[PDB]
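Comments concern the structure below.
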Amino acid sequence: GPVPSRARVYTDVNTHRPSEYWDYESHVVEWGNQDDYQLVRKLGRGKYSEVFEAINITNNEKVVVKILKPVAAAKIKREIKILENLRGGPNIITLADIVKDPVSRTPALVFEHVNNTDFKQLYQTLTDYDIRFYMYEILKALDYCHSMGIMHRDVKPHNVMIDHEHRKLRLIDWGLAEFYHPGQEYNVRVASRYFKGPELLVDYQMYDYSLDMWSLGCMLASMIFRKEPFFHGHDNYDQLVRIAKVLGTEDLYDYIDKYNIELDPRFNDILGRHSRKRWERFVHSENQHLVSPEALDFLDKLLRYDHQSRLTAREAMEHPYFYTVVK
Ligand SMILES: [NH3+]Cc1cc(Cl)c(-c2ccccc2)c(Cl)c1
Ligand SMILES: [NH3+]Cc1cc(Cl)c(-c2ccccc2)c(Cl)c1
Ligand SMILES: [NH3+]Cc1cc(Cl)c(-c2ccccc2)c(Cl)c1
């Protein structure tokens, strides 16, 4: 069978905190008043919820209302407990209320509003300094949630709201977040394709906070190399081949051999043999302004097959890539 794995940091957090902290099923939701909120406009719909801009008419503040669809409505206590546990943490979105939508008959989460700057505009114009600045702000959120015994599991730019005018960043959409318990086998059908860690792609269930650090590396590589997405898989199998074309197949085989994981035999026809590439291969005249020796070294330490070998969020904050960032 597979060799077990445990995180190298924050393994004990859910053990030393009381059962009420992580046992989200035992949590009793204190329901707010849906009548306190007035929906203004629909911002969007995913497969988990419909999102609206709204006004809290009791104190006149702008809010965001996420009305859950039945699929996310079953695991509500988990998202609620995680949001309440993380509330007040650096760069974590604030859950302001939980109400029952009168039409859907489902729970609606009410959040603080963030005046998010156009995402295409940020991808196209953030400078090298701004990329470092915002990456540092994301690391504050990730180290906080990891230190609080939670993995986000859906780190990607769509889940990071940036108010560029006020240099304000918030990590949102905690719908796929989980409490980390050493030895627990988790569902590998988490994260969006292009951000999925090799652990998910090889069906290794005993993963941890380090999955977020792979996703963070994917976001950085896309941004600095001007290649969206950096690992462009056609499906979950080709996703691993795209990774192997960069990191190489020898380190992939070392990884699966360390954890006694077997690849799906369907990889025999598509994987091939690939050398590990030097990160300088992805540099060119249209992205060199966003690249540096420190950025490449940092990326090298996040985008590693072995989830135990990646930088932790706190180690990542110490990296030379962030020395230029004003603290
Ligand atoms: N949804 C807005 C958005 C836009 C961008 Cl460009 C980024 C970003 C920042 C630094 C590095 C990589 C990506 C994020 Cl985190 C969020
Ligand atoms: N080590 C992976 C691997 C395994 C196999 Cl079985 C093959 C294969 C497939 C079809 C015909 C002949 C050989 C290849 Cl090319 C690679
Ligand atoms: N933004 C200026 C910049 C960009 C790059 Cl990619 C590099 C570089 C050169 C060779 C190897 C590794 C990194 C340097 Cl030294 C400076």
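We're sticking with Swiss-Prot numbering for chain A, so the shown stretch reads 3-329, in order.
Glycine is no exception: its Cβ is also placed from the backbone N, Cα and C atoms.
For the ATP site, Swiss-Prot records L45, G46, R47, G48, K49, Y50, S51, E52, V53, and the single candidate of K64, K68 listed with them is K68.
Which of 36-41, 126-131, 270-275 counts as region 'Interaction with beta subunit' depends on Swiss-Prot, and there it is 36-41. Figure note: comparing Cβ neighbours within 10 Å for the binding-site residues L45, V53, the maximum is reached by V53. Between the CA atoms of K49 (ATP binding site) and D156 (active site, proton acceptor) there is a gap of 14 Å, rounded to the nearest whole number. Once the Cα atoms of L45, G46, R47, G48, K49, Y50, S51, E52, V53, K68, the listed binders of ATP, are compared pairwise, the greatest separation found is 14 Å. With DSSP states grouped into helix (H, G, I), strand (E, B) and coil, the region 'Interaction with beta subunit' (36-41) comes out at 3 helix, 3 strand, 0 coil.
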